[PDB]
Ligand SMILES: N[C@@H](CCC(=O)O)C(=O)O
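Shown below, as structure tokens, is a lone chain in the form deposited without this ligand; questions about how it binds or moves come after it.
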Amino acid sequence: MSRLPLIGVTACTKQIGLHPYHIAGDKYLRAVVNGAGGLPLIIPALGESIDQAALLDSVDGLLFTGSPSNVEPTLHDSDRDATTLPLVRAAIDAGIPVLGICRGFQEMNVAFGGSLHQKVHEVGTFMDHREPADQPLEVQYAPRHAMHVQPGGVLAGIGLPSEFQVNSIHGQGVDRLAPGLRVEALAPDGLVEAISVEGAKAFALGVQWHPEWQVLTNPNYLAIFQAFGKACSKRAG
């Protein structure tokens, strides 16, 4: 038995200088510590080189993170795609709590058979969900549009209000909703921005916004991370 729930955080790949690296954002790791009450360890994006079942057995929960990169149908990460898309299905079937953020939310939809808009802002009837360019983190990650919780699902069960404001840092978004996914929230332009996996044995939630950001200061972000954290505690037991 462990001191804390061990929460795996998906890495991305990146070339830095002459070397390939696996990377994960500081804000996701601190949100795990401070919002979920877990110990964050970073899962390498090695695809089939790591034994997936050994990996799943080692964690109490999985945070599928946001990324500048995009699931493959310009900035891509096939190395991540090959780790996270079997993994997220494998974790949910194992009863391992899963929280998907931004790219990870899009990956949950894709893994269950759905599709994405590659450019939400070029569909014609959505708003522009991208962050404002050339500005600091505090401005880019501040709340920018409303979010309408659909009743009877995970988000309403955790106690979120019917409407609240969220940040938005995404050029892609959900088009066809995968079968077996419950819609948890819609942006004001009808875009699906949160989903849950129907019948999942454990917590299985994805959101398009970035609740890791300054998590303790936003009660809606914090409630998401605390519910995720509780589910990771439950699994450890």
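Numbering starts at 1 and runs along the sequence shown.
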Practice prompt. Please say, as none, 1 to 3, 4 to 9, or 10 or more, how many residues of the deposited sequence are without coordinates in the interval between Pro73 and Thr74.
Written response: 10 or more
Discussion item. Please compare 77 to 85 with 94 to 102 and say which has the higher mean C-alpha temperature factor in the record.
Written reply: 77 to 85
Discussion item. Please compare 145 to 153 with 117 to 125 and name the stretch with the higher mean C-alpha B-factor in the deposited structure.
Written reply: 145 to 153
Worksheet item: Which is it among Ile158, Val166, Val139, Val110: the one with the largest CA B-factor in the entry?
Response: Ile158
Fill in: Top Cα B factor in the deposited entry, candidates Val174, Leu205, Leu46, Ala53
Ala53
Response to the item:
Sorting the chain's modelled residues by C-alpha B-factor and splitting them into thirds places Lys201 in the highest
Practice prompt. Relative to the other modelled residues of the same chain, rank the CA B-factor of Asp57 and answer lowest, middle or highest third.
Written response: highest
Discussion item. Taking only the Cα B-factors deposited for this chain, tell me whether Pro211 sits in the lowest, middle or highest third.
Written reply: lowest
Worksheet, complete the sentence: By the entry's values, the third containing the CA B factor of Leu18 is the highest
Worksheet, complete the sentence: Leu6: C-alpha B-factor third of its chain, per the entry, is the middle
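Just so you know, the form deposited with this ligand bound exists too; it's not on screen, but the next bit is about it.
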Fill in: Contact residue in the entry with it bound, chosen from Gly180, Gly37, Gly171, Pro44 - any heavy atom within 4.5 Å of this ligand
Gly171
Worksheet entry | Residue stretch of 82 to 90, 157 to 165, 132 to 140, 96 to 104 approaching this ligand in the entry with it bound, non-hydrogen atom distance within 4.5 Å | 96 to 104
Item to complete: Would you please decide whether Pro188 lies within 4.5 angstroms of this ligand in the entry with it bound, comparing each non-hydrogen atom pair?
Response: no
Worksheet item: With the partner left out of view, is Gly61 within 4.5 angstroms of this ligand in the entry with it bound by any non-hydrogen atom?
Response: no
Worksheet item: Do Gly206 and this ligand share at least one heavy atom pair within 4.5 Å in the entry with it bound?
Response: no
Worksheet item: Heavy atoms within 4.5 Å of this ligand in the entry with it bound: does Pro68 have any?
Response: yes
